[PDB]
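Peer 1: For the record, the sequence lines run as chains G and P.
Heads up: the first sequence begins at 361 in this note's numbering, then just goes up one per residue.
Heads up: the second sequence begins at 10 in this note's numbering, then just goes up one per residue.
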Amino acid sequence: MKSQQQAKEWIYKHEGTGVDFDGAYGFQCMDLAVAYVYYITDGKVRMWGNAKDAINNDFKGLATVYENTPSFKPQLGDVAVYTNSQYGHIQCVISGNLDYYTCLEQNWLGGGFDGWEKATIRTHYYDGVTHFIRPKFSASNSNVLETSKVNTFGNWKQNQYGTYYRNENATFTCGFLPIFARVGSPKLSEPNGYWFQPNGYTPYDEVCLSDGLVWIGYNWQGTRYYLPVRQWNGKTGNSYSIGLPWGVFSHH
Amino acid sequence: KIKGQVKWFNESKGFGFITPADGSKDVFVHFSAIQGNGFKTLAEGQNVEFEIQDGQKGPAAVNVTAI
């Protein structure tokens, strides 16, 4: 768990940038909140679903969901959730009082899909928020996510096509959004494949770094497939970094 | 550019798939891709026009219009 200070530095570092780590359709409102909550919980909470679904995720004791009331005082690092629309809206709170609060948010204006609207600081005079998610921040700064097994390079082979690969035997279950699996190679230029559906699962035997993505390699119906499972920053060694996952990994 | 039919659309989740008229791969459609703020839902079997964007997650529909 990171500190409230680290929350503030994360929010300001992401102002004016586009967060699309869930990999789907530009800079959507829930992409920012998913990325924020994943960061401040040191990877323990990967929020699934639409913005209004945030309040029903399992925060594993690392956050408390509060209802907005005329007396509620939001704090830096709260996650504001609007639940009274079809899909909701979500924001990272910077400060607030009883009259208004300020926040970092994506897609307030509807420009996230086409990409011109970045994460923006805005003031809201309680124009729809119904809930606030308050993290249980630690008192001291934490580097746990950046040094975790996930964000350390380790040992990889490279093939003649520039793909990094290694053996790893586990199971992957697809998260909220579907992902297109590619036939034969972990390449976005491969047009053949099939849609891996949410909550679908496969055992896999290979992990690959290619085309800005981490992929799993597996066999289905006699064909070799590669499924992207999170973003990769394209770097190796001590500069290697990968994004929040697009599903859930398990062992059997 | 392309025409197709909505294969299914889960209004609760806000996404579904379109079957393109030319018989290519099904195309993912997210509610944020639907043109017009009054919609944000699509119906099974509905005729649509759209642009195809190739993303990390696969082929996706953009600028989806109900015809």
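Cβ atoms here follow ideal geometry from the backbone N, Cα and C, with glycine treated the same way.
Out of curiosity, what's the CA-to-CA distance linking G/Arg542 and G/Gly421?
Peer 2: Working through the first sequence from its first residue, we reach residue 542 of chain G at position 182. Working through the first sequence from its first residue, we reach residue 421 of chain G at position 61. Computed Cα separation, rounded: 38 Å.
Peer 1: Kindly list, in the order they appear in chain G, the residues whose Cβ is closer than 8 Å to that of P/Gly67.
Peer 2: Residue mapping note: residue 67 of chain P aligns to position 58 of the second sequence, counting from 1. Correct list: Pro538, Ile539, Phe540, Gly553 and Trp555.
Peer 1: If you measure beta-carbon to beta-carbon, which residues of the stretch 25-57 of chain P are closer than 9 Å to chain G?
Peer 2: Listed in sequence order: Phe26, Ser33, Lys34, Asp35, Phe37, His39, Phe40, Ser41, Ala42, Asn46, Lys49 and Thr50.
Peer 1: Which residue spans inside the stretch 457-536 of chain G form an unbroken beta strand (DSSP E) run of at least 3?
Peer 2: Complete beta strand (DSSP E) runs here, min 3: 461-465, 480-484, 491-495 and 524-534.
Peer 1: Looking at P/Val57: is its Cβ nearer than 8 Å to the Cβ of P/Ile27?
Peer 2: Numbered from its first residue, the second sequence carries residue 57 of chain P at position 48. Numbered from its first residue, the second sequence carries residue 27 of chain P at position 18. A contact, by the Cβ cut-off of 8 Å.
Peer 1: Examine chain A for any beta-carbon lying closer than 8 Å to the beta-carbon of P/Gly23, and answer yes or no.
Peer 2: Although the question refers to chain A, the structure presented lacks it and instead comprises the protein chains G and P.
Peer 1: I want to verify the contact list: residues of chain P whose CB lies under 7 Å from the CB of G/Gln388, in sequence order.
Peer 2: Your numbering for residue 388 of chain G matches position 28 in the first sequence. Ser41, listed in chain order.
Peer 1: Could you list the residues in the stretch 456-473 of chain G with a C-beta less than 8 Å from some C-beta on chain P, going in chain order?
Peer 2: Residues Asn467, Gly470, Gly472 and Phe473.
Peer 1: According to DSSP, is G/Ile415 helix, strand or coil?
Peer 2: Here residue 415 of chain G corresponds to residue number 55 of the first sequence, with the count starting at 1. The answer is helix: DSSP assigns G/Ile415 an H, G or I state.
Peer 1: Just curious, the beta strand (DSSP E) that P/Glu58 is in, first and last residue?
Peer 2: Position 49 of the second sequence, counting from 1, holds the residue named residue 58 of chain P. From DSSP, the beta strand (DSSP E) with P/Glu58 extends over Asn56 to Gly64.
Peer 1: In angstroms with no decimal places, state the Cα-to-Cα distance between P/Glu20 and G/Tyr554.
Peer 2: As a working mapping, residue 20 of chain P is identified with position 11 in the second sequence. As a working mapping, residue 554 of chain G is identified with position 194 in the first sequence. Distance between the alpha carbons of P/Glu20 and G/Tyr554 is about 22 Å.
Peer 1: Roughly how many angstroms separate the alpha carbons of G/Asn416 and G/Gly472, rounded to a whole number?
Peer 2: Residue 416 of chain G sits at position 56 when you count from the first residue of the first sequence. Residue 472 of chain G sits at position 112 when you count from the first residue of the first sequence. Their Cα atoms are separated by approximately 24 Å.
Peer 1: In terms of DSSP beta bridges, what is P/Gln14 paired with?
Peer 2: Against the second sequence, residue 14 of chain P aligns to sequence position 5. For P/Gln14, which the question treats as bridged, DSSP gives the partners P/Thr28 and P/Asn56.
Peer 1: Would you please verify whether the beta carbon of G/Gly383 is less than 8 Å from any beta carbon of chain P?
Peer 2: Position 23 of the first sequence, counted from the first residue, corresponds to residue 383 of chain G. It does: the Cβ of G/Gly383 has a partner Cβ on chain P nearer than 8 Å.
Peer 1: Short of 8 Å in beta carbon distance, which residues of its chain neighbour G/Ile602, apart from the five on each side in sequence? Order them along the chain.
Peer 2: Residue numbering aside, residue 602 of chain G sits at position 242 when the first sequence is read from its first letter. Same-chain partners within the cutoff: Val510, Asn511, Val574, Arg590, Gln591, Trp592 and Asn593.
Peer 1: The beta strand (DSSP E) that contains G/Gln591, what's its start and end?
Peer 2: On the first sequence, position 231 is the one that residue 591 of chain G refers to. That run of the beta strand (DSSP E) goes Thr583 to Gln591.
Peer 1: G/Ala423: buried (16+ other C-beta within 10 angstroms of its C-beta) or exposed?
Peer 2: Within the first sequence, residue 423 of chain G is the residue found at index 63, counting from 1. So G/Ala423 ends up on the buried side.
Peer 1: Could you name the residues of the stretch 396-414 of chain G whose beta carbon sits closer than 7 Å to any beta carbon of chain P, in the order they occur along the chain?
Peer 2: For the stretch 396-414 of chain G, which is checked against every Cβ of chain P, the residues closer than 7 Å are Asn410.
Peer 1: Run through DSSP, which three-state label would G/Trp555 get?
Peer 2: Working through the first sequence from its first residue, we reach residue 555 of chain G at position 195. Reduced to three states, the DSSP call for G/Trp555 is strand.
Peer 1: In angstroms with no decimal places, state the Cα-to-Cα distance between P/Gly67 and G/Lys547.
Peer 2: The residue labelled residue 67 of chain P in the question sits at position 58 within the second sequence. The residue labelled residue 547 of chain G in the question sits at position 187 within the first sequence. Looking at the two C-alpha atoms, the distance is approximately 11 Å.
Peer 1: Would you say G/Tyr447 faces chain P, with C-beta separation under 8 Å as the test?
Peer 2: One-based indexing of the first sequence puts residue 447 of chain G at position 87. Chain P contact via Cβ: present.
Peer 1: Please classify G/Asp565 as buried or exposed, where buried requires at least 16 other C-beta atoms within 10 Å of its C-beta.
Peer 2: The sequence position of residue 565 of chain G within the first sequence is 205, counting from 1. Exposed, because fewer than 16 other Cβ atoms sit within 10 Å of the Cβ of G/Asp565.
Peer 1: Compute the Euclidean distance between the alpha carbons of G/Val441 and P/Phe40, then round it to the nearest angstrom.
Peer 2: Along the first sequence, read from residue 1 onward, the residue named residue 441 of chain G stands at position 81. Along the second sequence, read from residue 1 onward, the residue named residue 40 of chain P stands at position 31. In a straight line, the C-alpha of G/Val441 is about 19 Å away from that of P/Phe40.
Peer 1: Report the start-end ranges of each beta strand (DSSP E) in the stretch 375-446 of chain G that is 3 residues or longer and not cut off at the edges.
Peer 2: The qualifying runs are 423-427 and 439-442.
Peer 1: Does the beta carbon of G/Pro563 come closer than 8 Å to any beta carbon on chain P?
Peer 2: Here the question's residue 563 of chain G lines up with position 203 in the first sequence. Answer no: the Cβ-Cβ gap between G/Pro563 and chain P never drops below 8 Å.
Peer 1: So, using beta-carbon positions, are G/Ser545 and G/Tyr586 closer together than 8 Å?
Peer 2: Position 185 of the first sequence, counted from the first residue, corresponds to residue 545 of chain G. Position 226 of the first sequence, counted from the first residue, corresponds to residue 586 of chain G. In this structure, G/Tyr586 lies closer than 8 Å to G/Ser545 by Cβ.
Peer 1: Output needed for G/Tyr524: all residues of its chain with C-beta closer than 8 Å, excluding positions within five of it in sequence on either side, in chain order.
Peer 2: Within the first sequence, the letter at position 164 stands for residue 524 of chain G. Excluding positions up to five away in sequence, the list reads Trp516, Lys517, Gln518, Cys568, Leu569, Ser570 and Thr596.
Peer 1: So is G/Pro588 in contact with chain P if we call contact Cβ pairs under 8 Å?
Peer 2: Along the first sequence, one-based indexing puts residue 588 of chain G at 228. Yes, because at least one Cβ of chain P sits closer than 8 Å to the Cβ of G/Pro588.
Peer 1: Which whole-angstrom value describes the C-beta separation of G/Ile454 and G/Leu436, a residue pair presumed to lie in contact below a C-beta threshold of 8 Å?
Peer 2: Working through the first sequence from its first residue, we reach residue 454 of chain G at position 94. Working through the first sequence from its first residue, we reach residue 436 of chain G at position 76. That pair is a contact at about 6 Å.
Peer 1: In angstroms, rounded to a whole number, what distance separates the CA positions of G/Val425 and G/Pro434?
Peer 2: Taking the first residue of the first sequence as 1, we reach residue 425 of chain G at position 65. Taking the first residue of the first sequence as 1, we reach residue 434 of chain G at position 74. Distance between the alpha carbons of G/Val425 and G/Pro434: 12 Å.
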